[PDB]
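**Q** The structure that follows is given in the form of structure tokens.
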Amino acid sequence: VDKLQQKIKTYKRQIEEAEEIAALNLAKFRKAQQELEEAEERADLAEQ
Amino acid sequence: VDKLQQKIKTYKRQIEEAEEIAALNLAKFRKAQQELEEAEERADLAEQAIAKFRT
């Protein structure tokens, strides 16, 4: 039970990094959606 | 052990959902940034066009 109790700890600290490497990778998708709108309002200023 | 051995199946099911969630979440940004590279050059060519056309 004890060497098994190490494993439940070492997964639980592994999934927390595993969600964060997902979470940080979500941020760039929010970044690209932000940079498109400042690019698009640059664009429609030019087309007129 | 009977209460723990179901949970090690549970967390391993979750981290096998986790990394695949990260995969598709990268797959959007890879699609997103590439068209933004196509789009941002449109603004820079327009910028040098109008500023030359300004005078």
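Ligands are numbered from 1 in the order shown, residues from 1 within each chain, and chains are lettered A, B, ... in the order they appear in the structure tokens.
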Compile the residues of chain B that lie within 6 Å of chain A, evaluated using only C-alpha atoms, and express the compilation as a compact mmCIF listing (two decimals) with C-alpha atoms, in the first residue's frame.
**A**
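New file result.txt:
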```txt
# COMPACT_ATOMS: atom_id res chain seq x y z
CA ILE B 15 -4.37 12.18 -17.69
CA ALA B 22 -3.68 19.66 -25.03
CA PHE B 29 -3.49 27.79 -32.56
CA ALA B 43 -1.67 45.59 -42.97
```
**Q** Please measure the separation of atom CA of residue B:55 and atom CA of residue B:38, giving the value in Å to one decimal.
**A**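 Computing the Euclidean distance for atom CA of residue B:55 and atom CA of residue B:38 yields 28.8 Å.
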**Q** Report, in Å to a single decimal, how far apart atom CA of residue A:9 and atom CA of residue B:7 are.
**A** 11.6 Å
